[PDB]
Number of protein chains: 4
Amino acid sequence: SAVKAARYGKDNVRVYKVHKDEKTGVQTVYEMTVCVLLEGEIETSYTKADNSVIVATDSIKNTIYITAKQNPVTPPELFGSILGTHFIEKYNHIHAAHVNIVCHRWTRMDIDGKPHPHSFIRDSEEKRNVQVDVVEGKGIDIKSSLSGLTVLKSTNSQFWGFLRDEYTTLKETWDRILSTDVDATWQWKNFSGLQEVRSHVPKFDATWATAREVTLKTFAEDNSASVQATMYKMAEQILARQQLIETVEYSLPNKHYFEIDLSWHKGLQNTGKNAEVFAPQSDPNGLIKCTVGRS
Amino acid sequence: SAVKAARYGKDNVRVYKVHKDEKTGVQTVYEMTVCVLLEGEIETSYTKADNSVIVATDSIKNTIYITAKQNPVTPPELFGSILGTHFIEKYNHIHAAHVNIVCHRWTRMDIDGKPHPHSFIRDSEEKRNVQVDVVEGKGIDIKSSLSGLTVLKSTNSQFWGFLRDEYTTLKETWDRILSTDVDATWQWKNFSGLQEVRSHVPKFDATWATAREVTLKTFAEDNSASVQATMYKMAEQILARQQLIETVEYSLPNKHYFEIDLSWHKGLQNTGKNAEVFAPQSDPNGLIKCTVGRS
Amino acid sequence: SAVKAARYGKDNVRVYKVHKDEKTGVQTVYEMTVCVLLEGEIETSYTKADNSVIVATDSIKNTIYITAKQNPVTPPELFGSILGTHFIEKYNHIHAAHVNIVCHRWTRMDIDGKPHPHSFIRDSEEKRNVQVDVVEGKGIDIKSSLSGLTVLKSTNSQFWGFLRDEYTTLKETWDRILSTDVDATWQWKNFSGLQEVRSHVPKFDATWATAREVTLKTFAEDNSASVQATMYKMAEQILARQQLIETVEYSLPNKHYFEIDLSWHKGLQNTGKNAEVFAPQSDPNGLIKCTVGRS
Amino acid sequence: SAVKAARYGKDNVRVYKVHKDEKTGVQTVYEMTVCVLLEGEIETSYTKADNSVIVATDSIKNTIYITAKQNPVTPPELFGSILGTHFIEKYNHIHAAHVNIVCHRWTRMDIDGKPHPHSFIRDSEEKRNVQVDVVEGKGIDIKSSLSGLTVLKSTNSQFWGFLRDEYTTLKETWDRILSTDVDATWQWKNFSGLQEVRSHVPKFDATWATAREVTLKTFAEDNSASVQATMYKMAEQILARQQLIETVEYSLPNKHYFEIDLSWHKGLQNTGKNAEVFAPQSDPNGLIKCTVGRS
Ligand code: NA
Ligand code: NA
Ligand code: NA
Ligand code: NA
């Protein structure tokens with residue numbers, strides 16, 4: 001036997017950081033969950049019990065905290081790039097660092113119409129994420145994403161004209177509910193190293209904002225012919241608005257809301273134009289994916 | 001043997017309802033999860049295989065949907081009361097209906113600064129709940145609550161002066177993070193029946209709003225001596241603002257954020273006044289509860 | 001305002017203990033999650049910022065570990081009783097301790113037909129639990145339970161003869177799937193204190209074994225007329241086999257498996273006697289409860 | 001813009017099947033969760049609202065059930081291959097089918113020492129899975145796996161000799177707990193189509209059995225130098241025992257059990273050789289991966 005691939009590290013490293021402005025008294029908090037997995041000349045730790053090549057995962061954990069202490073943790077694309085760069089520069093035999101960061105929301109509270117200097121609310125489980133792959137001699141590959149963005153529209157979704165054969169029972173519709181959990185990823189042009197990532201720092205927050213804005217507005221305003229057609233429109237717009245992105249990926253469940261025929265009860269009309277009460281379905285669900293790039 | 005207590009019904013009944021204004025085009029959606037459990041003269045279904053006394057749980061499910069079709073589903077205190085009343089009035093041998101409703105958030109989207117007529121976002125997993133116990137000859141007992149309200153403050157929490165003995169290692173502190181998931185319940189005066197519940201309908205949304213407002217403002221503004229002392233202040237205010245509430249209950253975890261001593265690394269100062277990076281602890285957690293009533 | 005009720009402590013305290021036999025080399029492990037909440041003369045910690053009455057929850061945590069170090073952690077009824085007794089005896093002003101323990105399974109592995117001395121497998125998420133309420137001047141109240149025991153039988157469940165009215169659509173059946181997650185609780189006679197609990201120690205493991213055995217055999221062998229009738233049979237048997245139990249409680253979901261009519265496709269017969277492929281339903285679910293005591 | 005990749009279908013399709021032997025009365029059940037995603041000449045459904053190319057996900061669902069009705073659902077490698085083959089053969093413009101199956105355990109109950117003909121228990125959340133990629137003109141690629149196999153050993157794990165620098169605080173140890181959740185995957189040689197998969201049917205159950213056996217015995221018997229070294233031993237053995245497997249992948253968390261120093265309390269000795277009570281850590285966790293192939 002031989003090792004074909006190997007990576008190892010520390011997962012589920014929860015990190016909080018606070019910034020305190022001594023002048024204004026305004027505090028700002030950041031919270032993330034971090035995974036760092038390393039690759040390199042480590043095969044002998046698997047095949048020959050040679051632990052000498054192991055940077056202990058506990059030390060990886062320590063390094064995450066130390067890096068957060070000595071560097072900005074925002075935008076997460078930058079933090080991840082600093083962190084992955086550290087491992088491949090520090091350790092001659094480590095040749096790649098794979099950094100995944102999940103950012104948790106802590107939105108400043110408004111109390112009596114005014115922003116509070118140190119109190120925050122988790123306004124949803126919606127995450128902002130990065131995957132940063134730092135590979136020695138191959139620069140830094142970053143995928144940014146938003147996930148867990150749960151939406152519903154109560155009309156202006158349609159689904160008709162699909163293939164019909166002996167496996168088909170679904171009725172065509174010109175008016176249905178559409179609800180999804182948005183997972184949207186934008187893949188950046190390869191960066192040559194940390195300096196190039198630093199040169200683009202403002203674009204990271206701005207492009208997350210654009211992606212979120214475009215998703216919400218396109219969902220709200222598209223009289224959707226299908227999930228396929230709506231999500232493509234989202235991806236085209238994001239690509240048009242940030243030339244440093246190479247591709248946009250969406251992964252969208254179709255979380256079904258079924259009509260409930262109640263006509264068996266006193267001839268109650270609850271279908272079609274009279275549909276008011278629905279049964280949300282936990283499973284199954286459609287799952288629609290695409291990756292959109294530049295023509 | 002003998003049956004000492006028995007209740008049965010349908011749990012996890014997911015319900016959506018839409019309201020469509022034909023004039024304005026504005027749609028409003030509601031989504032809940034409902035449980036109804038019945039009690040009554042049903043012991044023979046357990047002891048003698050006598051299913052004749054069983055209102056099938058599938059029929060309970062049907063009834064939930066039919067009731068949502070024919071009645072407002074908001075405020076949930078009203079919907080629950082209509083639903084529980086139905087079972088005890090319809091079935092001579094059913095003498096209590098226990099209705100639990102979890103309301104899920106669907107907040108209208110703002111697109112380009114303006115409210116969208118039919119598009120919604122789940123802005124958090126925060127729930128608004130009711131427990132409505134409709135008991136024949138004993139009226140309607142309602143407990144209302146908010147849950148899953150996750151908050152953090154980065155300073156203006158303290159904890160000192162607690163008992164110290166041979167089991168104590170915790171250092172006193174005058175400045176710590178405080179984070180919790182708020183579960184807050186307000187218990188209404190008994191209502192004599194559905195008419196009395198109807199007479200108070202506006203108070204239900206208004207008192208949920210007050211409870212939420214009071215929780216957030218008291219959390220943000222109290223330089224907390226302890227979770228015990230802060231939550232008591234919340235409960236006193238809610239009781240002062242709604243005389244139809246008899247008690248207020250809070251159940252608050254203390255979700256710990258631990259300092260990380262990094263002085264072993266290049267003498268890095270990350271404790272006390274220099275504390276910037278923390279390790280959120282998933283477990284264990286403090287759990288603090290109280291029920292506050294009128295003196 | 002006034003405090004009507006108050007309890008506080010440490011939740012989600014994960015505990016492992018190992019026993020090592022120096023003679024045989026056989027190690028045995030135990031793993032639990034513990035919650036301890038205290039009551040007593042603590043109201044001033046809520047109303048007057050008086051932390052002097054607070055036994056810190058961090059100290060409660062320490063005490064859990066110290067108690068596990070100095071005492072057996074099995075059976076959990078005993079461990080919980082020792083732990084709760086400690087708090088009410090140690091602290092004059094603490095008058096009740098509420099101890100909840102979830103025991104996690106670590107079953108010894110069989111390797112090549114022989115028990116391994118120190119290797120274990122989690123054979124399911126089935127838990128063994130206790131709730132131990134130690135109340136000064138009122139002894140020790142123990143509820144023992146098993147939970148998360150997931151079972152299915154593919155025939156020899158029926159459901160017919162239930163009430164039929166204008167809300168009913170469910171067809172009567174003489175042959176259906178029955179699947180549930182068993183939550184079964186046995187409530188012990190009040191014990192006067194720790195000595196009495198100690199006097200009964202062997203009965204705790206034996207009665208958990210009986211309850212589990214009775215549940216499984218009654219589920220497997222009863223040609224069930226309803227969940228109500230089957231669970232009652234389980235409770236009667238447990239009461240007959242342990243006179244120190246006062247009541248038995250079951251809480252059983254009916255996790256529905258729906259037939260799928262496929263006759264629209266090439267006249268495929270998949271209902272009734274020809275039913276082979278079913279759709280398990282995640283929600284809704286029946287929920288059936290009863291508490292059985294001595295006649 | 002242009003579509004670079006696209007796949008769509010139905011996820012979370014829960015399926016039960018029963019086999020009834022009319023002779024013996026012995027029933028056998030199978031339960032799975034299925035995802036099927038299709039690829040092909042479908043880009044116009046995204047770019048031009050052309051739903052004509054869409055095989056509706058609802059029809060995909062129907063097809064899963066119909067396929068389970070007309071074919072064996074075991075071994076899941078076969079079922080997945082039949083299912084994916086169907087889509088690419090039935091639809092000229094569908095060129096790949098990606099089938100993921102999670103198999104849930106339903107182990108026959110033993111009642112009074114004898115197997116019961118129709119009663120089953122979920123003995124753990126351990127899953128048996130397949131990923132079957134059926135690609136027109138490229139055969140059938142199958143990855144088989146077991147996941148959620150949770151184990152612990154209380155000694156005969158070590159970790160010493162790892163790299164030590166200014167980021168390192170972890171003490172070397174010659175005796176620690178090792179606990180993990182095993183995710184193990186074996187990747188089959190490409191099959192040319194369904195006939196070749198059928199030719200190997202017995203090897204699927206046998207190789208899952210070998211992988212499970214090898215995992216458990218190697219975990220129990222290896223005095224582990226590291227997770228890296230133990231998992232490599234597992235993978236080498238599986239490759240030696242099934243020549244139709246090309247690679248074996250393991251992904252193992254190191255679920256930490258921390259010693260608890262209690263010497264601050266009455267000089268209690270609970271570390272090193274005296275370590276009896278430990279604190280299981282929910283997070284962070286080591287994460288160790290490797291892919292082993294043939295030299
Ligand atoms: Na390097
Ligand atoms: Na009645
Ligand atoms: Na006391
Ligand atoms: Na094809």
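Letters A, B, ... mirror the listed sequences (proteins, then strands); counts begin at 1. As the structure lists them, so they are numbered: ligands from 1, and atoms in each ligand from 1.
Counting backbone and side-chain atoms alike, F87(D) contributes no N/O/S atom closer than 3.0 Å to the Na ion (ligand 4). Contact annotation: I94(D) places an N, O or S atom under 3.0 Å from the Na ion (ligand 4).
Within the 6.0 Å centre-distance limit, the rings of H86(B) and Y167(C) are counted as a close aromatic pair.
A heavy-atom distance below 4.5 Å is found between the side chains of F191(C) and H200(C). Taking the side chain as every heavy atom from C-beta outward, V36(B) and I64(B) approach each other to under 4.5 Å.
The closest approach of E136(C) to the Na ion (ligand 3), by N/O/S atoms, is made by OE1.
Seen from the Na ion (ligand 3), atom O on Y91(C) and atom O on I88(C) lie at an angle near 90° (rounded to 10 degrees).
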Test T169(C) against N62(B) for side chain to side chain donor-acceptor pair (under 3.5 Å), laying out the working first. CA-CA 8 Å; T169(C) 54; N62(B) 291 336; 3.0 Å; yes
